[PDB]
Amino acid sequence: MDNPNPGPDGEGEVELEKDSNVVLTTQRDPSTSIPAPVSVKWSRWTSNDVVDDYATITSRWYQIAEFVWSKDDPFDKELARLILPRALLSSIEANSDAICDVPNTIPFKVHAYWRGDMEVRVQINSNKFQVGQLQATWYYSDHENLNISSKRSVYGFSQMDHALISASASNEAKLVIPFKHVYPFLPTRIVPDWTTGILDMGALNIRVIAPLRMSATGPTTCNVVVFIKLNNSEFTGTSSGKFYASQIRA
Amino acid sequence: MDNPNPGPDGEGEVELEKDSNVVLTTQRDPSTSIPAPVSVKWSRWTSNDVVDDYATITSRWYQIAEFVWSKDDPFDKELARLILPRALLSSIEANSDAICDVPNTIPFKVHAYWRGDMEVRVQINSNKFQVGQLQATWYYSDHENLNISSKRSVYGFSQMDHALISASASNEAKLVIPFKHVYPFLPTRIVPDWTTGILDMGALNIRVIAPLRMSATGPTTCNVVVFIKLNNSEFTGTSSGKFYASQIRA
Amino acid sequence: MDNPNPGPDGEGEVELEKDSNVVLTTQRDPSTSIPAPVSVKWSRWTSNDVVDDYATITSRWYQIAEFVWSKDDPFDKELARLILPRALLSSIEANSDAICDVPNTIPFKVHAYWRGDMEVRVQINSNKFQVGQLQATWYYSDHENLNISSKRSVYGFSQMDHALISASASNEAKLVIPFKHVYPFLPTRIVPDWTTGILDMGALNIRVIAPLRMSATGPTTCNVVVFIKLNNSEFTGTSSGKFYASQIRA
């Protein structure tokens, strides 16, 4: 079946992802990447306090990153290497804004410990005349590894669970990332231990496998949007906001 | 389903509209605009004489207009403001041709009064690299309104029944226009009343909502075809042709 | 149905033709051309000796020709006029290679007489911005006709069984050519008769019906691939290879 019928509305389907007071669309189905099974709820294990999450409020879609994709970028050059708990907060905090100001962060302010699966969209608007390729990959503990520069390479992450994005026919990388840390919970700020590496479950990272191969005088620049949903969460550990921690640098 | 298979014949469907000794096609389904219900037959009311229409002859598709669409045309600039009974005749008469010469007009020559629904095609051949938009709109009595210049605007006709045409993915505006005048019949020429505004049931009018937005050195010009079918008619009122009226100017 | 969904893999089906240790694909269904019924097996008629063919070995897909398609080529200019038994061997022999070296020829070396249907692919990689047209046509005995230059024309072969190839939406010409000679068998080399015209069942020939109509500075050159399958064969007539014949010139 192939009859093209673009009316006053150029025809084509648009799948949407609402899902909680925010609707974000994608005109092209994503290339998913599921690195692990869905995480069970270990609140009834580690902590016996206010055991809950926040539905309509922390299970939304906030923006955490956005960047540029150009012909200048050589073969393996990561556009982002963003930590995943974590840079949800660390993006907003360095936006000359506070964590307290946004609805998808506020319990991190009050509550001490967090556990939950993650959802991520790597949406880009590239043109059909751009011949490039990216790869969004996940690593459940990047900073803990010593020589991960060895792994920090397009070759290395192809070896593992990832998603693929090609400039033409742009395209989205779905990226379901459930919770798998060593300890079942994460600490939102400084704690009797975890005096650093606060709220870090691993980093995402997008490098390049094919530069934007542009014709003579073709459009140079491109762009990426990183979105994140925090579903299936649990926030036990009620603590005043003066105990909080404005996350570390990029 | 999306497998593209363009053989020696580039594949794609072509819907056709024959319908009476003329076949006109459209490779893209139209955006219809039905302003009113189908009109009932009031011949057995106003006049008791030869009560009939003409099938294969006046229910065809003649051309009445054609024009240019260019980047120069600013935002709201009507390409045509053509009266609808009316300019079926008024186009041919000013073509240095006579009404008598064409089969889709001849009963208007002889017969005194006419009633009937109308069918109209606003077909254009624009290219997929042209980013513009038109709007064909109908008004069951334009000349009767005094300040209709107020209405003569892209904003105003969007308020009402219309069709939309965008340059890219060109595209057709189906435009079924049934009979709705004040008096159930129309006079083909001067009459004991209707000494002017002869044969006028309202005017069609195509303005611009988006100019042809062309890249550097992209194709400048475009073009429109206006076709018209006169179905569901009735022509009671037999009169010699020396009583006829060559319609007024553009 | 027309929803376009080109993921990291630009979506679209790819039909394949394996068929015997070689897989060749075509992303666009072919325009077939069947000039005759399937040939019956006349081995149990002409010759009472080792009656067999060779499956996995001579029923493969070898390349016999490839050439250039450019704007310079005027209206009717044959890109190839290749004989069909025949140039399967005659291409390889003039490749500074021997017949003995390739698996799809070796029985022709040993065996004296051959009969069999033929399969041919005229695959080309033209771009969607090239507006040309070719025509691959078959003639069960071209050399036998005296004034076939009269027939050697785009007009003439359109009169008969052929396939059509247009530059844009490139495209393949399937070309099933069963055996129909005067005598039911063909001689692989010189023989008590057939002292010339060795192994010739007719010639294929691709001319032009529409040159590559290229925009300013659009891509000039193009290209064709000719493939051939020799199925439904029969090779009776065992003879030493010193009796063989390296085919005549192009």
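All of the numbers you see were taken from the coordinates with simple rules; none came from a lab. Note that each Cβ is placed from the backbone with ideal geometry, even for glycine, and that neighbours are counted across all protein chains shown.
Could you please tell me which pairs satisfy a Cβ distance under 7 Å, a separation of 6+ or placement on different chains, a first residue in the range A:164-182 that is surrounded by fewer than 17 Cβ atoms within 10 Å (Cβ to Cβ), and a second residue that is part of a loop (DSSP other than H, G, I, E, B)?
Short answer, once both residue conditions are applied: A:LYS180/A:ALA36; A:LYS180/A:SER39; A:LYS180/A:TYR140; A:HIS181/A:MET201.
A:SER96: at positive phi and surrounded by fewer than 21 Cβ atoms within 10 Å (Cβ to Cβ), yes or no?
Working: at positive phi: yes; surrounded by fewer than 21 Cβ atoms within 10 Å (Cβ to Cβ): yes.
Criteria met by A:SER96.
Any idea which residue in the range A:23-49 is farthest from the other protein chains (Cβ to nearest Cβ), counting only those that are without any contact (Cβ under 8 Å) to a residue 40 or more places away in the chain and under 27 Å from the mean Cα position of the chain (by Cα)?
The qualifying residue farthest from the other protein chains (Cβ to nearest Cβ) is A:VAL40.
Of the numbered conditions (1) farther than 18 Å from B:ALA173 by Cα; (2) of a type in the set (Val, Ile, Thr); (3) surrounded by fewer than 16 Cβ atoms within 10 Å (Cβ to Cβ), B:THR105 fails exactly one; give the number of that condition.
Among (1) farther than 18 Å from B:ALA173 by Cα; (2) of a type in the set (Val, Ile, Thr); (3) surrounded by fewer than 16 Cβ atoms within 10 Å (Cβ to Cβ), B:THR105 violates only (3).
Quick one: what pairs do we get from the range B:76-93, first residue at positive phi, second in a loop (DSSP other than H, G, I, E, B), C-beta under 8 Å, 6+ apart or different chains?
Between residues of the range B:76-93 that are at positive phi and residues that are in a loop (DSSP other than H, G, I, E, B), the close pairs are B:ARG86/B:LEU199; B:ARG86/B:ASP200; B:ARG86/B:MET201; B:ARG86/B:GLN247.
Within the range A:43-84, can you find the residues that are touching a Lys or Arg at 6+ places or on another chain (Cβ under 8 Å) and under 19 Å from A:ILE99 (Cβ atoms)?
A:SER59, A:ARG60, A:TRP61
Would you mind stating whether B:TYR62 is surrounded by 14 or more Cβ atoms within 10 Å (Cβ to Cβ), under 11 Å from B:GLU234 (Cα atoms) and touching a residue at least 60 places away in the same chain (Cβ under 8 Å)?
Details: surrounded by 14 or more Cβ atoms within 10 Å (Cβ to Cβ): yes; under 11 Å from B:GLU234 (Cα atoms): no; touching a residue at least 60 places away in the same chain (Cβ under 8 Å): yes.
Criteria not met by B:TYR62.
Take the residues in the range A:215-240 that are in contact with a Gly (Cβ under 9 Å, 6 or more places away or on another chain) and assigned to a loop (DSSP other than H, G, I, E, B); name whichever of them is nearest to A:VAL38 (Cα to Cα). Talk me through it step by step, then tell me what you get.
So in the range A:215-240, the residues in contact with a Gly (Cβ under 9 Å, 6 or more places away or on another chain) come out as A:222, A:230-235.
If we keep only those that are assigned to a loop (DSSP other than H, G, I, E, B) too, we end up with A:222, A:230-233, A:235.
Working: A:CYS222: 34, A:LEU230: 13, A:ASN231: 11, A:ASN232: 9, A:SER233: 12, A:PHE235: 18 Å.
That would be A:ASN232.
Which residues, taken from the range C:144-157, are touching a strand residue (DSSP E or B) at 6+ places or on another chain (Cβ under 7 Å) and either farther than 28 Å from C:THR196 by Cα or part of a loop (DSSP other than H, G, I, E, B) (or both)? Step through it out loud before you land on a result.
Taking the range C:144-157 first, the residues touching a strand residue (DSSP E or B) at 6+ places or on another chain (Cβ under 7 Å) are C:154, C:157.
C:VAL154 - this is the single residue of the range C:144-157 that is touching a strand residue (DSSP E or B) at 6+ places or on another chain (Cβ under 7 Å) and either farther than 28 Å from C:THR196 by Cα or part of a loop (DSSP other than H, G, I, E, B) (or both).
State all residues of the range C:183-214 that are assigned to a loop (DSSP other than H, G, I, E, B), crowded, with 21+ Cβ neighbours inside 10 Å and of a type in the set (S, T, N, Q); if no residue qualifies, say none.
Answer for the range C:183-214, where residues must be assigned to a loop (DSSP other than H, G, I, E, B), crowded, with 21+ Cβ neighbours inside 10 Å and of a type in the set (S, T, N, Q): just C:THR188.
May I ask you to list the residues in the range A:215-247 that are surrounded by fewer than 15 Cβ atoms within 10 Å (Cβ to Cβ), under 29 Å from A:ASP72 (Cβ atoms) and not polar (S, T, N, Q)?
Scanning the range A:215-247 gives A:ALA216, A:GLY218, A:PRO219.
Just for the range B:158-177: of the residues that are outside any loop (DSSP other than H, G, I, E, B) and of a type in the set (D, E, K, R), which one is farthest from the other protein chains (Cβ to nearest Cβ)? Outline the logic, then answer.
The first filter runs over the range B:158-177 and keeps only residues outside any loop (DSSP other than H, G, I, E, B), leaving B:158, B:162-166, B:172-174, B:177.
Add one more test, that the residue is of a type in the set (D, E, K, R), and what stays is B:172, B:174.
Working: B:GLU172: 9, B:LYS174: 11 Å.
By that ranking, first place goes to B:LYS174.
Residues being in a loop (DSSP other than H, G, I, E, B), hydroxyl-bearing (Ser, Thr, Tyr) and more than 13 Å from C:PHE185 (Cα to Cα): count how many of those fall in the range C:23-49.
Looking only at that region, the number is 3.
Regarding B:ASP73, is this residue of a type in the set (D, E, K, R), in contact with a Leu (Cβ under 9 Å, 6 or more places away or on another chain), crowded, with 16+ Cβ neighbours inside 10 Å and more than 20 Å from B:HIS181 (Cα to Cα)? Don't jump to the end; show me each part of the working.
Numbers: of a type in the set (D, E, K, R): yes; in contact with a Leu (Cβ under 9 Å, 6 or more places away or on another chain): yes; crowded, with 16+ Cβ neighbours inside 10 Å: yes; more than 20 Å from B:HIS181 (Cα to Cα): yes.
Answer is yes for this residue.
So, in the range A:73-118, exactly how many residues are polar (S, T, N, Q) and within 13 Å of A:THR58 (Cβ to Cβ)?
Taking the range A:73-118 and keeping what is polar (S, T, N, Q), we get A:90-91, A:95-96, A:104-105.
Narrowing the set further to residues that are within 13 Å of A:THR58 (Cβ to Cβ) leaves A:104-105.
Residues meeting the conditions: 2.
Are any residues in the range A:188-201 of a type outside the set (A, V, I, L, M, F, W, C) and more than 17 Å from A:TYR140 (Cβ to Cβ), and if so, which ones? It would help to see each step written out before you state the result.
From the range A:188-201, those of a type outside the set (A, V, I, L, M, F, W, C) are A:188-189, A:192-193, A:195-197, A:200; that's our starting set.
Within the range A:188-201, A:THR188, A:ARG189, A:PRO192, A:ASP193, A:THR195, A:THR196 meet the criteria.
When you go through C:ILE190, C:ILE248, C:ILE198 one by one, which is the residue that is closer than 25 Å to C:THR58 by Cα and more than 21 Å from the chain's Cα centre (by Cα)? Lay out the reasoning, then the answer.
On the way: C:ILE248 fails: more than 21 Å from the chain's Cα centre (by Cα); C:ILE198 fails: more than 21 Å from the chain's Cα centre (by Cα).
Selected residue: C:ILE190, the only one of C:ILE190, C:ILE248, C:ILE198 that is closer than 25 Å to C:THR58 by Cα and more than 21 Å from the chain's Cα centre (by Cα).
Would you point out which residue out of B:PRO85, B:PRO8 is buried (at least 17 other Cβ atoms within 10 Å of the Cβ), touching a strand residue (DSSP E or B) at 6+ places or on another chain (Cβ under 8 Å) and either within 14 Å of another protein chain (Cβ to nearest Cβ) or aromatic (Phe, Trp, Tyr) (or both)? I'd like the intermediate steps shown before the answer.
Numbers: B:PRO85 fails: either within 14 Å of another protein chain (Cβ to nearest Cβ) or aromatic (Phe, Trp, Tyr) (or both).
Of B:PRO85, B:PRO8, the one residue that is buried (at least 17 other Cβ atoms within 10 Å of the Cβ), touching a strand residue (DSSP E or B) at 6+ places or on another chain (Cβ under 8 Å) and either within 14 Å of another protein chain (Cβ to nearest Cβ) or aromatic (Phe, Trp, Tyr) (or both) is B:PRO8.
Checking the conditions here, which among C:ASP19, C:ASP52, C:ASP72 is assigned to a loop (DSSP other than H, G, I, E, B), away from chain A (no Cβ under 14 Å) and either within 30 Å of A:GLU172 (Cα to Cα) or free of Cβ contacts under 8 Å to residues at least 24 places away in the same chain (or both)?
Details: C:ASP19 fails: either within 30 Å of A:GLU172 (Cα to Cα) or free of Cβ contacts under 8 Å to residues at least 24 places away in the same chain (or both); C:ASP52 fails: either within 30 Å of A:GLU172 (Cα to Cα) or free of Cβ contacts under 8 Å to residues at least 24 places away in the same chain (or both).
Among C:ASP19, C:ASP52, C:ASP72, only C:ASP72 is assigned to a loop (DSSP other than H, G, I, E, B), away from chain A (no Cβ under 14 Å) and either within 30 Å of A:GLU172 (Cα to Cα) or free of Cβ contacts under 8 Å to residues at least 24 places away in the same chain (or both).
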